[PDB]
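K.L.:
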Ligand code: CLA
Ligand SMILES: CC1=C(C#C/C(C)=C/C=C/C(C)=C/C=C/C=C(C)/C=C/C=C(C)/C=C/[C@@]23O[C@]2(C)C[C@@H](O)CC3(C)C)C(C)(C)C[C@H](O)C1
Ligand SMILES: CC1=C(C#C/C(C)=C/C=C/C(C)=C/C=C/C=C(C)/C=C/C=C(C)/C=C/[C@@]23O[C@]2(C)C[C@@H](O)CC3(C)C)C(C)(C)C[C@H](O)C1
Ligand SMILES: CC1=C(/C=C/C(C)=C/C=C/C(C)=C/C=C/C=C(C)/C=C/C=C(C)/C=C/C2=C(C)CCCC2(C)C)C(C)(C)CCC1
Ligand code: SF4
Ligand code: SF4
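Residue numbers (my numbering), protein chains in the order written: chain X, 1 to 107; chain Y, 1001 to 1030; chain V, 2001 to 2731; chain L, 3001 to 3080; chain G, 4001 to 4031; chain F, 5001 to 5178; chain S, 6001 to 6148; chain H, 7001 to 7091.
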């Protein structure tokens, strides 16, 4: 499955640069990026992010520009939702670009 | 070419080391 | 007497988490029930003894296996063609096809082809026959036997060392510098001069005749007369063949530099001189500190006085002696940071300056060693930072460090964290943006629009070191400069040729791809440091949890109140930064492996062209070089790389299973285990068989640990296969 | 069992006790507070650690504070 | 000799670790 | 306040005259660090006696096979009279016999060596302890001191003979050219 | 002994029951050496030093490795594995009014020194086995040729 | 050295270090420190120049006296810091 389907048929995606399917190549990479970006939200937790925002808020307050709407790390449910959304978008876009580039090139 | 007696002698020293390892583990466990 | 005897709380714990947490806090000796400092130190000492014995047993096992089942003698005759054998395979699951495929290396039985370089190491060091390897294994076995007995002995009542002796810093540092580093390096230089240079020059020096054979024809008369240049006179010729007397010199201590032409490794005379000199330095430096004879230094006095004028660094280094000598976690963190930096240094230096004969042409071993040592360096760095955090949350005393150089770190931790965030953000934004610009430009059929920054500063360093293809003509590149002239009769006549020879990995040519990937490496290092430094500095407290030190180092959370407090403990900072350690080391190893595959294959204009965009990495490195691995076994048959393919998929599977513990958390699994408990208790027949520990879902920190474990093991398995099999299949 | 503590920044607003789902907390008379009452934890062995007291505490930082510790059947909240 | 892989690998990687797992389980389920 | 052996260095704090052969000889203070650690000099004294007694036996054996006949020579006739080469020429049978005997004897010794029993007099293994039944306390201490002196001398004697045989191949007034 | 209460409980270790069982096994083993020696003298075992094949004994054959596993070896292997199967059956299964391998809770190990005749013969048989193995090792000769 | 047996060398509240930091040279005057530092700088720079700048170093030309005198240049730095410390402490 890894060799004769993914590796074998990824050729038409990866070799698409400089051709009309180069948009599919770019979206392949971008969907990969978003799928990986999702793992930040999926694995991490609000406490670290709120403390990091506290450090950044100190940096802003030192310059007299900390906003009236105080910044907070995303809620726990929201972090899970954002991770899930990015994970689904990245995976689905990866498959989308892969299938479209492969099938348009060969068929 | 390593000989059978050589392998057996090394194995005997390894067994002595094993006994000492059990002893050290005991003494660290107490 | 229940399993966690060291922790009565887990002893009363009735669920299955008792076993997990007992195994997990087995070695957390500081927090055990009824523990004293003296007992802690003695137990640590005995465990160190056992650990050393393990190391030497591992070494003896490698030596014995190469002696017994390896083709060391055949490999010695033809190092560049015969493939080194690690050990024989004993597997009843092997078929006839796998048997025939794994039967290789000029032996009649299945074997594993060594990729650790131990063959090259021992051949360079002076081993020529299986008997020498077997005797080395025997002696290391005896050494481990003695170390185990020493560990047992140093827990006895009359032989239990005291806390004052343990905290005697000056004597320990004096002895480690002078003897553990210094005299041991002197011993290695003596070994080289007595056994390795003669064996390279075609002389069989062993225990029976090393006492009779003179390493130099003159003897020690030059050493005593002070005419030490006679030991450099008559160096090895450029036509020398390793292991033979033809073209062999008589010099034992030289500074020729460069590389040995036949083996493409540094001269053994150079290495012996290195170890001799370096030992002089270390044996001198080991007389720095005061130990029972008045003359010397006082580390507490040094730290106390080093406070700059007008209180620039607050109170200076006052109290740092007390904190370091009282807290073992700070010592552990310093040791781990130093050792991680050293591991990165050896990884960067072994490939650029090979020291073992014929290792440079062994492409699989070089990649395996670089990846191995870079990964261990990353782990050591993460551990150093984690133990710094544990020190801050457990052992830090602000009363002792009032207005200290260490307390000021906590004072402006907000500035530090914010600026690390800034630099990480800048690096990532710009590196990713330039990579995407290059991606889109090459994608749209116009690579000319790529933004390609020449790494002019690194190229300038290469020119100053001796490179000449850039044409900068600065320092050593300019033959005329003081730097080039002052060293023109010691090392430059060889180093210049070595660096400008294009057949070497010494100071590889660099380009825009190297610029971009180096900025990516900077992003990885900076973000890992951000996560780790933030964890260390916020371990004591935060605006969201000022009393974090009361909870300690590793606790699940503070609850959903105050908006949620997930991963707030500063252990979760380590667990987060581990992902970034893996990420940055993966980037480093991909860069190394692709650039070196291209250089070895002779098409550097594949890396220089494709590495500027990310699809080049995805295609000309991963996809292109994944064929010999994934074709290890297919529908038509199998090759000797089928083990690498199976382990590749194995690491993929473990990496994937880690996502389960990282994403799905305890409540789902707890309720599901309630359902399973109901089913087991209610079904007939099976309900006679009943557990003793109540089965519960894994704790939160436990599951974070398990998920990260599955991630890391996975990472290493996947790249090990891909780095060991693609290189073999491509060369 | 977990350790529940109450600090003298209590204002006697009696919300931790209402958030309590195990009857661990209870108001007792006190001279310090204006309301004349302070939360106290005489049944810490029944604590499970859900920290609803901490969530419901309105002080700038928590007057009622819970430290997780030795686990038990009650603390794990196992019906078996 | 070539005897010893057959004698030692299964003894050391089926029998001994199974006995160790049995011993560890029995020990941790004491008292 | 000052050592008796070296009358310009301080007396070792660990040594206090309550041991056989205590003449305050410890420039390094190995005993000092041992007692600071928490141990007691029983182990070092027993090691001294063991090393010494071995050294006396080995001193006589170094020169016996040359000065006097190397046994009736059923099997020893092949082995050289040089002690440094005789070690690398013992047959497997004899080597195993001697090694097994020594190993069993010292495995028996180890348990009493590393025991907590305070009754154990240092270097008192019971081998031929019947001649001290009639000795007085002064006689016992003096005889133990002669033993320790012989031990201390033989230890240096082996180093001298071994290095002389290795570098020169001959002991000067006694055995020559071997 | 005392430091190993777990194995001391069921007679596992330096115990009279263990010595009895090992003496019985040494008796049967000396019998077995004599029996297989006369078997090799006669014709029962396959001859020719024919190596096993993957088609008959699979990966346990080690057809192409080395180590010349023979059909006589396979047959005696089957015999000793059947001995080990009956062993597990007799040890773990019901003690057919004989001897338990384990001490059992109630029993205490017999006092250290017809049953005594068995133990004397067992000590003699263990000594004979060790002497034969040594004599083979020193001489370099085969065990069957040594006993012959 | 232990925690107890260690001199009070902290000087963050004062303008100059105590002279005790100089250890064995806690009493040698600032004049001696400065003169020795200057001679050490001159001699060491002379040795370094004669070894690697005026001449080209090599296996047959490395000079032990010049090598040893090179180590008087850092000693010169230490001696000049010492001269300042003793001048400020009044010795
Ligand atoms: C840690 C070092 C090490 C390693 C990784 C291995 C690995 C291996 N050995 Mg072993 N071996 C070693 C040291 C080691 N050996 C040493 C020093 C000797 C004595 C000279 C032997 C002698 C030996 C023989 C004779 C044989 C093997 C074989 C094997 C293979 C099967 C496993 C087996 O049963 O061996 C273990 C066998 C033993 C007799 C036990 C050796 C005891 C070692 C020294 C323990 C070291 C422990 C370690 C440091 C830490 C603890 C590990 C664990 C508890 C967590 C395998 C490749 C077999 C083979 O070739 O298969 C193809 C085989 O026939 N080995
Ligand atoms: C190095 C050198 C030289 C030298 C030298 C020197 C000074 C060497 C000195 C050697 C020395 C001083 C050697 C002591 C031996 C003691 C013995 C044999 C005691 C045995 C005692 C035994 C075997 C006792 C047995 C017992 O069972 C008996 C019989 C009775 C029982 O109740 C129990 C005991 C146990 C008591 C030369 C040669 C001068 C030349 C040149 O200068 C270079
Ligand atoms: C040194 C010393 C001590 C001592 C002592 C002494 C004198 C110890 C002597 C120990 C001794 C002499 C121990 C032999 C055991 C032999 C056994 C168990 C062999 C069984 C072998 C068996 C069961 C083999 C059987 C078979 O293979 C055979 C043969 C044929 C094959 O078809 C298959 C079978 C399985 C059927 C102490 C007391 C220990 C401590 C003290 O401080 C000092
Ligand atoms: C948190 C914490 C901690 C930790 C920490 C860490 C972990 C760190 C690390 C760190 C690191 C990891 C660092 C590094 C560094 C480095 C450096 C600083 C370098 C330098 C260099 C140089 C100076 C060089 C120079 C040169 C030469 C000499 C030659 C050639 C040229 C050049 C120029 C390059 C501790 C424990 C402390 C405690 C407290 C807290
Ligand atoms: S501060 Fe918390 S504990 Fe105090 S009265 Fe209010 S809710 Fe109750
Ligand atoms: S920690 Fe949980 S059980 Fe305890 S008082 Fe708060 S809500 Fe109730």
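Ideal Cβ positions, reconstructed from N, Cα and C, are used throughout, including at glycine.
Quick one: Cα of residue 2414 (chain V) to Cα of residue 51 (chain X), how far?
P.N.:
Reading the third chain from its first residue, position 414 is the one you call residue 2414 (chain V). Reading the first chain from its first residue, position 51 is the one you call residue 51 (chain X). Cα to Cα, residue 2414 (chain V) sits roughly 10 Å from residue 51 (chain X).
K.L.:
Whole angstroms are fine: how far does the CA of residue 2323 (chain V) sit from the CA of residue 2395 (chain V)?
P.N.:
For the purposes of this step, residue 2395 (chain V) is taken as the residue at position 395 of the third chain. For the purposes of this step, residue 2323 (chain V) is taken as the residue at position 323 of the third chain. Between residue 2395 (chain V) and residue 2323 (chain V), the C-alpha separation is close to 8 Å.
K.L.:
Just to confirm before moving on: does the CB-CB distance between residue 2556 (chain V) and residue 2673 (chain V) stay below 7 Å?
P.N.:
Indexing the third chain from 1 puts residue 2556 (chain V) at position 556. Indexing the third chain from 1 puts residue 2673 (chain V) at position 673. The answer is no: Cβ separation not under 7 Å.
K.L.:
Are residue 3039 (chain L) and residue 3006 (chain L) touching if we call contact CB-CB under 7 Å?
P.N.:
To locate residue 3039 (chain L), count along the fourth chain from 1; it is residue 39. To locate residue 3006 (chain L), count along the fourth chain from 1; it is residue 6. Cβ atoms of residue 3039 (chain L) and residue 3006 (chain L): closer than 7 Å.
K.L.:
DSSP on residue 2459 (chain V), reduced to helix/strand/coil?
P.N.:
For the purposes of this step, residue 2459 (chain V) is identified with residue 459 of the third chain, where counting begins at 1. Three-state DSSP puts residue 2459 (chain V) in a helix.
K.L.:
Is the region 5066 to 5079 of chain F close to the region 5089 to 5096 of chain F, with three or more CB pairs under 8 Å?
P.N.:
Verdict: yes, contact present.
K.L.:
Figure out for me which residue from V:2697, V:2081, V:2300, V:2319 has the closest Cα to the Cα of residue 2664 (chain V).
P.N.:
Residue 2664 (chain V) sits at position 664 when you count from the first residue of the third chain. Comparing Cα positions, the closest option is V:2697.
K.L.:
So residue 2374 (chain V) is in the alpha helix (DSSP H); what residue range does that whole segment cover?
P.N.:
Translated into positions along the third chain, residue 2374 (chain V) becomes position 374. Segment 2363 to 2394, the alpha helix (DSSP H) holding residue 2374 (chain V).
K.L.:
Name the residues in the region 6062 to 6083 of chain S whose C-beta lies less than 9 Å from a C-beta of chain V; which are they?
P.N.:
Residues 6062, 6063, 6064, 6065, 6066, 6067.
K.L.:
Leaving out five residues on either side along the sequence, give the residues of the same chain with a beta carbon under 6 Å from the beta carbon of residue 5178 (chain F).
P.N.:
Numbered from its first residue, the sixth chain carries residue 5178 (chain F) at position 178. Hits under 6 Å: 5066, 5081, 5082.
K.L.:
Would you say residue 1011 (chain Y) reaches chain V, if we count a Cβ-Cβ gap shorter than 7 Å as a contact?
P.N.:
For the purposes of this step, residue 1011 (chain Y) is taken as residue 11 along the second chain, with counting starting at 1. No, because no Cβ of chain V sits closer than 7 Å to the Cβ of residue 1011 (chain Y).
K.L.:
Check the Cβ of residue 4024 (chain G) against every Cβ in chain S and list those closer than 7 Å, keeping chain order.
P.N.:
The residue you call residue 4024 (chain G) lines up with position 24 of the fifth chain. Under the 7 Å cutoff, chain S gives no residues; its nearest Cβ is about 12 Å from residue 4024 (chain G).
K.L.:
Give me the Cα-Cα distance between residue 2552 (chain V) and residue 2316 (chain V), rounded to the nearest whole angstrom.
P.N.:
Looking up residue 2552 (chain V) in the third chain gives position 552. Looking up residue 2316 (chain V) in the third chain gives position 316. Their backbone Cα atoms lie some 28 Å apart in a straight line.
K.L.:
Quick one: which residues of the region 4003 to 4023 of chain G get their C-beta closer than 9 Å to a C-beta of chain S? List them in chain order.
P.N.:
Those residues of the region 4003 to 4023 of chain G that come within reach of chain S (Cβ to Cβ, closer than 9 Å) are 4003, 4005, 4006, 4023.
K.L.:
Just to confirm my understanding: we take residue 7033 (chain H), look at its own chain, exclude 5 residues before and 5 after, and list those with CB closer than 7 Å. What are they?
P.N.:
Taking the eighth chain and counting its residues from 1, the one referred to as residue 7033 (chain H) is at position 33. Same-chain partners within the cutoff: 7079, 7082, 7083, 7086.
K.L.:
Run the CB neighbour count on residue 2566 (chain V), radius 10 Å, all protein chains shown included, and call it buried at 16 or more, exposed below.
P.N.:
Counted from its first residue, the third chain places residue 2566 (chain V) at position 566. Label assigned to residue 2566 (chain V): buried.
K.L.:
Within 7 Å (strictly less), CB to CB, does residue 2144 (chain V) reach chain Y?
P.N.:
As a first step, residue 2144 (chain V) must be located in the third chain, where it is residue number 144. With 7 Å as the cut-off, residue 2144 (chain V) counts as an interface residue toward chain Y.
K.L.:
Secondary structure at residue 5118 (chain F), three-state DSSP: helix, strand or coil?
P.N.:
Stepping through the sixth chain from its first residue, residue 5118 (chain F) is reached at position 118. If DSSP states are grouped into helix, strand and coil, residue 5118 (chain F) belongs with coil.
K.L.:
Check whether the Cβ atoms of residue 2363 (chain V) and residue 2727 (chain V) lie closer than 7 Å to each other.
P.N.:
Residue 2363 (chain V) sits at position 363 when you count from the first residue of the third chain. Residue 2727 (chain V) sits at position 727 when you count from the first residue of the third chain. For residue 2363 (chain V) and residue 2727 (chain V), yes; Cβs fall inside 7 Å.
K.L.:
Does DSSP put residue 2301 (chain V) in a helix, a strand or coil?
P.N.:
By 1-based counting over the third chain, the position of residue 2301 (chain V) is 301. Correct three-state label for residue 2301 (chain V): helix.
K.L.:
Go to residue 3037 (chain L), then tell me how far its beta strand (DSSP E) extends in each direction, as first and last residue.
P.N.:
Mapped onto the fourth chain, residue 3037 (chain L) falls at position 37. Where residue 3037 (chain L) is concerned, the enclosing beta strand (DSSP E) stretches over 3037 to 3040.
K.L.:
Is it true that the region 2377 to 2394 of chain V meets the region 2131 to 2145 of chain V, where meeting means three or more beta-carbon pairs spaced less than 8 Å apart?
P.N.:
Because the criterion of three Cβ pairs below 8 Å is not met, the region 2377 to 2394 of chain V and the region 2131 to 2145 of chain V do not touch.
K.L.:
Name the two residues that bound the continuous alpha helix (DSSP H) containing residue 6072 (chain S).
P.N.:
Counting from 1 along the seventh chain, the entry for residue 6072 (chain S) is found at position 72. Run containing residue 6072 (chain S): 6071 to 6092, per the alpha helix (DSSP H) assignment.
K.L.:
Three-state secondary structure (DSSP) at residue 2545 (chain V)?
P.N.:
One-based indexing of the third chain puts residue 2545 (chain V) at position 545. Coil, per DSSP.
K.L.:
Please report the straight-line C-alpha distance between residue 2195 (chain V) and residue 2126 (chain V), rounded to a whole angstrom.
P.N.:
The residue labelled residue 2195 (chain V) in the question sits at position 195 within the third chain. The residue labelled residue 2126 (chain V) in the question sits at position 126 within the third chain. Whole-angstrom Cα-Cα distance: 6 Å.
K.L.:
Would residue 2003 (chain V) pass as an interface residue toward chain A - the criterion being a Cβ-Cβ separation below 7 Å?
P.N.:
In the structure shown, chain A does not exist; the protein chains are X, Y, V, L, G, F, S and H.
K.L.:
Report the rounded CA-to-CA distance for residue 2352 (chain V) versus residue 2506 (chain V), giving the unit in angstroms.
P.N.:
For the purposes of this step, residue 2352 (chain V) is taken as residue 352 along the third chain, with counting starting at 1. For the purposes of this step, residue 2506 (chain V) is taken as residue 506 along the third chain, with counting starting at 1. One C-alpha to the other measures close to 4 Å.
K.L.:
Based on the DSSP secondary-structure assignment, which residues constitute the bridge partners of residue 2113 (chain V)?
P.N.:
Residue numbering aside, residue 2113 (chain V) sits at position 113 when the third chain is read from its first letter. Note: residue 2113 (chain V) sits in a beta bridge opposite V:2085.
K.L.:
If you measure from the beta carbon of residue 2152 (chain V) to each beta carbon in chain Y, is any gap under 7 Å?
P.N.:
Translated into the one-based positions of the third chain, residue 2152 (chain V) becomes position 152. So, interface residue.
K.L.:
Kindly indicate if chain L contains any beta-carbon less than 7 Å away from that of residue 2694 (chain V).
P.N.:
Locating residue 2694 (chain V) in the third chain gives position 694, where the first residue counts as 1. Interface residue, yes.
K.L.:
Just jot down, in chain order, the residues whose CB lies closer than 5 Å to any heavy atom of ligand 1.
P.N.:
The answer, residue by residue, is Y:1010, Y:1014, V:2054, V:2057, V:2058, V:2060, V:2061, V:2064, V:2087, V:2088, V:2090, G:4004, G:4005, G:4008, G:4009, G:4012.
K.L.:
Roughly how many whole angstroms lie between the Cα atoms of residue 5149 (chain F) and residue 2276 (chain V)?
P.N.:
Numbered from its first residue, the sixth chain carries residue 5149 (chain F) at position 149. Numbered from its first residue, the third chain carries residue 2276 (chain V) at position 276. Whole-angstrom Cα-Cα distance: 41 Å.
K.L.:
Under three-state DSSP, which class holds residue 3029 (chain L)?
P.N.:
Within the fourth chain, residue 3029 (chain L) is the residue found at index 29, counting from 1. Reduced to three states, the DSSP call for residue 3029 (chain L) is strand.
K.L.:
With a cut-off of 7 Å, give the chain-ordered residues whose Cβ is closer than this to any heavy atom of ligand 3.
P.N.:
Those satisfying the condition are, in chain order, F:5104, F:5107, F:5108, S:6022, S:6025, S:6026, S:6028, S:6029, S:6030, S:6032, S:6033, S:6036, S:6080, S:6126, S:6127, S:6129, S:6130.
K.L.:
Check residue 7120 (chain H) in the structure and name its three-state DSSP category.
P.N.:
Outside the displayed range of chain H (7001 to 7091) lies residue 7120 (chain H), so it cannot be described from this structure.
K.L.:
Does residue 2023 (chain V) get closer than 7 Å to chain G when you measure Cβ to Cβ?
P.N.:
Walking along the third chain from the start, residue 2023 (chain V) turns up at place 23. By this cut-off, residue 2023 (chain V) is not an interface position.
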